[PDB]
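# A look at the structure
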Amino acid sequence: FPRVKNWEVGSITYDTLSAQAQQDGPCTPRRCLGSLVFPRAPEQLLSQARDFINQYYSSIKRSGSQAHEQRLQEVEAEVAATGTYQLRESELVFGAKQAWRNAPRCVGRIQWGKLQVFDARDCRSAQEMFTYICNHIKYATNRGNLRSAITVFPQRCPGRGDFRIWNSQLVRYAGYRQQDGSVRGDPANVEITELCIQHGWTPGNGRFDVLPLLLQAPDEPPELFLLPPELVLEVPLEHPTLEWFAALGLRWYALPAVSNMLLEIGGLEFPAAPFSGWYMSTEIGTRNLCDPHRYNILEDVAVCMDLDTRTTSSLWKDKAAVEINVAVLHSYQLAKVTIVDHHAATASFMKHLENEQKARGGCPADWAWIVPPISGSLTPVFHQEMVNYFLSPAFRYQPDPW
Amino acid sequence: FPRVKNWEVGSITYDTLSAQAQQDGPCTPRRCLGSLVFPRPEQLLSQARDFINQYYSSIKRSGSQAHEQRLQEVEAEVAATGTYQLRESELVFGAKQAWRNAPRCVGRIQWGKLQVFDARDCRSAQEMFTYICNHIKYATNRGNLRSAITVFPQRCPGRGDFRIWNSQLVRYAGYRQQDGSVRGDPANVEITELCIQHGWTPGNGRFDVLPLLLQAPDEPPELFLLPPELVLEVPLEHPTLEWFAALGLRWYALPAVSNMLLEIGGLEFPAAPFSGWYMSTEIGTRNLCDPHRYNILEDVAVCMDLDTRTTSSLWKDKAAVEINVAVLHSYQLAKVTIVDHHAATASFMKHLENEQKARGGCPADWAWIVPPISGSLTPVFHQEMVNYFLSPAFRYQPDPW
Ligand code: HEM
Ligand code: HEM
Ligand SMILES: Cc1cc(N)nc(CCCN2CCN(C)CC2)c1
Ligand SMILES: Cc1cc(N)nc(CCCN2CCN(C)CC2)c1
Ligand SMILES: C[C@H](O)[C@H](O)[C@H]1CNc2nc(N)[nH]c(=O)c2N1
Ligand SMILES: C[C@H](O)[C@H](O)[C@H]1CNc2nc(N)[nH]c(=O)c2N1
Ligand SMILES: [Cl-]
Ligand SMILES: [Cl-]
Ligand SMILES: [Gd]
Ligand SMILES: [Gd]
Ligand SMILES: [Zn+2]
């Protein structure tokens, strides 16, 4: 079992939980590929099902009881009879929480037990799908006191196509290829913008235009649905002492809601199961606004700050990024929208690792995604060695449906 | 062949060089251990043969006379003596390759410019000290630093090793108290009490340069006191925060690692110090601000009158940036070579491109190439990397006590 050191304190633990990792990752003893963003039959369905059922019955202090073996035989009979099986409602709640608990690139997992699970497995159409989604956004936003939630749409099954949300998040800003070479709005979203237009959306031409939703019912082309503006809570960005910062016209939205990942529970697959929490400020301040391939505002802010941008050693990039993050935090706090800074988030992740060490003997964590993109070694996770592996239930990436 | 993408630009390459990985890393399909710092008879000919072909292809002299010739003498030298000796040029070439192959080094754009001091006829701790002193004075060069490595004799059976007990050639002391805690550098508490054990009269300050403990084969170590005028140091001030000078902070000019083992063509040099110049985050961010190092972050923030009562004021981030500003400013004012993390990472991206065309890839350790402040503001953050182990190499090694 791997030995893990914390270099700030001197602590040493052993991740015995990793030895239970079932699915494989991209590394070998030849070469480590940890830094890559996207690394990647009835009896095999059965073995995954059996394991998750074991997991659930372990969690309810009923391992090896009547009910436990009853459910095991029940599932196999249903796989033999139908090729698949159905989760009970409590099993679904537990599986959705474990999937979050198990996600190695999430720093906010101290919250994994507090998750509101909406069961939309009866969903019938794209129109019902949209109504479920609007209710999700409304509950999670909660006027700025954000609540963690996931809505689970019907599972993959033989004979019918998948439900899919084509959008990568429920809230995204348009990216319009410009007259010259530039992009207006969010360059990360040029493709989905083009698909929405191709599917009859009338584009805008601002930098923060909220995209419509493309929703796919089984064996249907996607359908366009506009989000009511009063559903999408946004935060204008201002800076507590740089009064010109407001004149940049920057905004960001309250709700981070990932909508293109696949939820896996006991071999069953839910290709449509959007989940949401609340932001950590560096995702907005550092990545979304300062990435050269995103809004790329860093130089314009530094010039406005009167910094000397002709030489790297003045650290003008670092200084302007810090104030952009201050602005994000101040603005969300002013608007009373939940937000966590990278210092508080990494410190609560440290409690999560200690909680998880006692509970399960380890915790899967992807160091490069856990450590914030600014001020890395100022946070305690920097000095924590970590073991990255795949547990199930899980949220996995999947191909775009176009 | 691993697909490698740059997410800033969208470019793709393939790492065909990863195929040659001699030693195996710590990762398995089951789990990744990339974030761990240190992981937990005639087959000398295989590694020697392979290194010789490496030398001769590099000089465009594969499959010719001198190449054929040199393959035989290494064959006969081992047959007679059980080991072999490197030609001076090969020792040079193998030292530059080990640097070139170091996955955690972001300064490798410089790998071709390395001064190799051959101390292989060393015979006592006294000779060591004079070698190490020539190196230090040459590498320091009055603040215009020059990369350098001194190579002491190769290990051989039945006889002890040459070992430098200090982790670097310049280290500040770390002193315990009537209450346990540390004055000076906490990273050096162990060697500090080793030096005191072997007779060094300890100082009282937070920046006392330690004495050297040099160890010739089969004789216990011997204290050596560096000439104070040979240890170039930079007092730390800030361009606009006039009180910063008063904090009394300093750092030394020469980063010179003296505890790693150099392996070339199957030969092992447990004592082979190498030196370059600092990247400024090493001093300003890790050495001065790590909680287990000098841990000065709150003291600077108090002096800047920052709100240390809430983490969301980002007072830690602001104080850290100014500490790095003070490091860069002080080193440049003193005309001592230093490079900031933006310049350094941008040169590394050029290194990657050079290495792609020349060797088909480059072993890089993402967690160590990305700087410890402002990570995603540098281009290496957005570059996928592949980590693997090529020879010649620098490796870590046990402590000689
Ligand atoms: C409640 C507060 C939460 C915080 C502060 C938080 C924070 C984060 C951050 C900073 C990342 C890295 C994302 C990036 O850099 O792009 C991440 C990734 C992730 N989070 Fe969390 N998260 C929260 C809630 C949730 C919830 C409720 C779920 C699922 C039920 C979840 C599942 C995931 C997954 C699957 C990823 C990796 C997906 C990806 O971005 O590639 N998170 N989280
Ligand atoms: C010339 C300017 C150089 C710069 C700016 C530089 C910079 C760095 C930095 C920032 C690290 C990260 C280590 C840490 O964060 O603790 C590193 C590691 C390393 N460097 Fe370089 N370096 C230089 C020259 C050299 C030379 C000349 C050699 C050997 C001949 C070398 C060999 C290594 C090795 C083996 C490591 C990883 C092992 C370790 O120290 O932990 N470097 N370097
Ligand atoms: C639920 C949740 C909360 C949070 N605070 N953050 C996230 C991640 C945002 C998605 N990321 C965007 C960039 N990248 C393409 C990977 C996907 C999710
Ligand atoms: C040659 C060189 C140049 C440079 N600029 N930096 C270094 C790294 C200094 C040692 N570090 C900190 C201690 N750590 C255990 C080993 C790595 C080396
Ligand atoms: C190439 C590199 O792995 C990539 O840019 C990663 C690095 N770490 C990250 N970490 C987080 N949290 N989010 C990211 O998007 C990334 N991107
Ligand atoms: C735990 C973690 O792997 C460890 O602190 C590493 C991370 N990255 C690093 N990167 C550099 N350059 N130097 C270091 O000492 C470390 N430490
Ligand atoms: Cl986002
Ligand atoms: Cl150092
Ligand atoms: Gd102002
Ligand atoms: Gd004052
Ligand atoms: Zn790995």
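## Structural notes on the overall build of chain B
Tallying secondary structure elements over chain B gives ten helices and 18 strands in all. Against the globule reference of 21 Å for 401 residues, chain B gives a C-alpha radius of gyration of 23 Å, in line with a compact fold. Along the first, second and third principal axes, the C-alpha atoms of chain B reach 70 × 60 × 45 Å. For chain B, the computed accessible surface area is about 17700 Å², with 51% contributed by carbon and sulfur atoms.

## Description of the site of ligand 3
Residues and elements named next belong to chain A. Taken together, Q169, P256, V258, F275, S276, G277, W278, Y279, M280 and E283 form the complete shell of residues around ligand 3. Within the backbone of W278, a nitrogen or oxygen atom sits 3.0 Å from a nitrogen atom of ligand 3. The side chain of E283 places a nitrogen or oxygen atom 2.7 Å from a nitrogen atom of ligand 3. For ligand 3, whose free accessible area comes to 470 Å², the fraction covered by protein is 56%. Listing elements by their share of the shell around ligand 3, those giving two or more residues are β15 (275-276) and β16 (279-280).

## A word on the site of ligand 1
All names here are of chain A. Every one of the 18 residues lining ligand 1 counts as a neighbour, but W100, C106, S148, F275 and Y397 are closest to it. Here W100 contributes a side-chain N or O atom positioned 3.4 Å from a nitrogen atom of ligand 1. Per-domain counts for the shell around ligand 1 show at least three residues from each of domain 1 (15-121 + 148-158 + 262-276 + 346-370) and domain 3 (234-256 + 279-344).

## Description of the environment of B:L36
If you trace the backbone, B:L36 turns up in the loop between β2 (12-14) and α1 (44-58). Classification of B:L36 by relative accessible area gives buried; the value is 8%. Taking the C-alpha atoms as reference points, B:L36 and B:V4, 32 residues apart in sequence, are found 22 Å from one another. In this structure, B:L36 is in contact with A:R3, A:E385, A:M386 and B:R104, ignoring residues within four places of it in sequence.

## Quick notes on the packing of helix α1 (residues 42-59) of chain A against helix α2 (residues 66-82) of chain A
Residue and element names in this part refer to chain A. Close contact between α1 and α2 brings their axes to 10 Å; oriented N to C, the two are set at 160°. Between α1 and α2, the angle is such that the two are roughly antiparallel. As α1 runs across α2, the sense of the crossing is right-handed. For the pair α1 and α2, contact is made by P42, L45, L46, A49, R50, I53, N54 and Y57 and by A67, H68, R71, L72, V75, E76 and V79, respectively. Its residues assigned to classes, the contact of α1 with α2 shows ten nonpolar, two polar and three charged.

## As for the interface of chain A and chain B
When the parts come together, some accessible area is lost, and that loss is often what is quoted as the size of the interface. Taken residue by residue, the interface counts 61 residues in chain A and 63 residues in chain B. Buried surface at the junction of chain A and chain B, both sides included, amounts to about 5300 Å², of which 61% is carbon and sulfur. Of all residues in chain A, A:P29, A:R30 and A:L378 give up the largest surface area on contact with chain B, accounting jointly for 12% of the area buried on that side. The interface formed by chain A and chain B holds zero salt bridges in total. Applying the counting rule to chain A against chain B returns 27 residue pairs in polar contact. Looking at the side of chain A that touches chain B residue by residue, the classes come out as 29 nonpolar, 19 polar and 13 charged.

## Regarding the pattern of salt bridges
Taken as a whole and judged by the stated rule, the model has 33 salt bridges over all chains. The partner of B:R120 in a salt bridge is B:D118, with the nearest N and O atoms 2.5 Å apart. The class for B:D118 is partly exposed, based on a relative accessible area of 24%. Between B:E355 and B:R359 there is a salt bridge; the shortest N-O distance is 3.5 Å. Placement of both B:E355 and B:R359 in helix α9 (residues 341-359) is noted, with a separation of four residues, approximately one turn of the helix. Connected through shared salt-bridge partners, A:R156, A:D162, A:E264, A:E269 and A:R396 make up one network.

## Notes on the domain arrangement of chain B
Residues and elements named next belong to chain B. Domain annotation for chain B reports domain 1 (15-120 + 147-157 + 261-275 + 345-369), domain 2 (121-146 + 161-232 + 396-400) and domain 3 (233-255 + 278-343). Between the C-alpha centres of domain 1 and domain 2 there is a distance of 27 Å. Taken together, the contact pairs 21 residues of domain 1 with 17 residues of domain 2. Buried surface at the junction of domain 1 and domain 2, summed over both partners, amounts to about 1600 Å²; 64% is from carbon and sulfur atoms. Where domain 1 touches domain 2, the interface holds one salt bridge. Classifying every residue of the side of domain 1 that touches domain 2 by side-chain character gives 13 nonpolar, four polar and four charged.

## Considering the nonpolar core
Residues B:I132, B:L214, B:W251, B:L288 and B:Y331 are the most contacted members of the largest nonpolar core, which totals 60 residues. Taken together, the elements giving at least two residues each to this core come down to α4 (125-140), β8 (212-215), β11 (250-252), α6 (280-289), α7 (297-303) and α8 (315-333) of chain B. Looking at this core element by element, the count peaks at ten residues for α8(B). Those residues in contact with B:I132 that lie beyond four places of it in its chain are B:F152, B:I164, B:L169, B:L212 and B:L214. Residues A:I137, A:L146, A:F225 and A:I339 belong to the second largest nonpolar core, which totals 56 residues.

## Observations regarding the coordination of the iron atom of ligand 1
If you check the protein contacts of the iron atom of ligand 1, you find one donor only, A:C106 (SG), at 2.3 Å. For A:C106, the location among the structural elements is in the loop between α3 (89-101) and β3 (116-119).

## Some remarks on the pairing of β3(A)
All names here are of chain A. Alignment of β3 against strand β4 (residues 149-152), held across four bridges, turns out to be parallel. Note on β4: the bridge partner recorded for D119 is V152. Remark: the β3/helix α4 (residues 126-141)/β4 crossover connection has right-handed handedness.

## Overview of the sheet that holds strand β12 (residues 256-257) of chain B
The strands that make up a sheet pair up through hydrogen bonds in the backbone, lying either parallel or antiparallel. Residue and element names in this part refer to chain B. The mixed open sheet is built from four strands, whose spatial order is β3-β4-β15-β12. Strands at the two margins of the open sheet, each flanked by one partner only, are β3 (115-118) and β12. Sitting on the sheet, helix α3 (residues 88-101) touches β3 and β4 (148-151), and the angle it makes with β3 is about 130°.

## Observations concerning the sheet that holds β3(A)
All names here are of chain A. Sheet architecture is open: four strands sit in the order β3-β4-β15-β12, paired in mixed fashion. In this open sheet, the two edge strands, each paired with only one partner strand, are β3 and β12 (257-258). Helix-sheet contacts for α3 involve β3 and β4, and the interaxial angle to β3 is about 135°.

## Observations regarding the domain arrangement of chain A
All names here are of chain A. Domain annotation for chain A reports domain 1 (15-121 + 148-158 + 262-276 + 346-370), domain 2 (122-147 + 162-233 + 397-401) and domain 3 (234-256 + 279-344). For domain 2 versus domain 3, the separation of C-alpha centres amounts to 25 Å. Contacts between the two partners involve 20 residues from domain 2, matched on the other side by 17 residues from domain 3. In this assembly, domain 2 packs against domain 3 so that about 1700 Å² is buried in total across both faces, 56% of it on carbon and sulfur atoms. When residues of domain 2 are sorted by the area they lose upon contact with domain 3, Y173, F208 and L233 head the list and together hold 35% of the total. Here domain 2 is connected to domain 3 by one salt bridge. One salt bridge in this structure joins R294 and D186, with 2.8 Å as the shortest N-O distance. On inspection of domain 2 and its partner domain 3, the count reaches twelve residue pairs in polar contact. Among the elements that make up the side of domain 2 that touches domain 3, the one with the highest residue count is α4 (three residues). Residue composition of the side of domain 2 that touches domain 3, by class: eleven nonpolar, five polar and four charged.

## Details of the environment of A:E356
Residue and element names in this part refer to chain A. The residue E356 is located in helix α9 (residues 342-360) in this model. Since its relative accessible area comes to 3%, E356 is described here as buried. Separated by 246 residues in the primary sequence, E356 and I110 place their C-alpha atoms 9.5 Å from one another. Look past the residues within four positions of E356 in its chain and what remains in contact with it is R101, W112, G361, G362 and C363.

Quick notes on the rules
Residues numbered from 1 in each chain as written, not as in the entry; some residues may be left out. Chains lettered and ligands numbered in written order. Heavy atoms only, no water. Helix = DSSP H or I, 4+ residues; strand = E, 2+ residues; numbered from the N terminus. Rg over C-alpha atoms; globule rule 2.2 N^0.38 Å. Areas by Shrake-Rupley, 256 points an atom, 1.4 Å probe, with all protein chains shown as cover. Near = heavy atom within 4 Å. Polar contact = N/O pair within 3.5 Å; in protein donor to acceptor, adjacent residues only side chain to side chain. Domains from an automatic or database assignment. Buried < 20%, exposed > 50% of the residue type's maximum accessible area, 1.4 Å probe, protein only. Contact = heavy atoms within 4.5 Å. Axes fitted to C-alpha atoms, helices over the stretch in contact; angles between N-to-C directions. Parallel < 35°, antiparallel > 145°, perpendicular 65-115°, else oblique. Left-handed = near helix turned anticlockwise from the far one by under 90°. Nonpolar A, V, L, I, M, F, W, Y, C, P; charged D, E, K, R; others polar. Buried area = accessible area lost by both parts, 1.4 Å probe. Salt bridge = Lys/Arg side-chain N within 4 Å of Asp/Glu carboxyl O. Core = buried A, V, L, I, M, F, W, Y, C linked by side-chain atoms within 4.5 Å. Donors = N, O, S within 2.8 Å, 3.2 Å for Na, K, Ca; no water. Pairing = 2+ DSSP bridges. Right-handed = clockwise from strand over helix to strand, strands pointing away.

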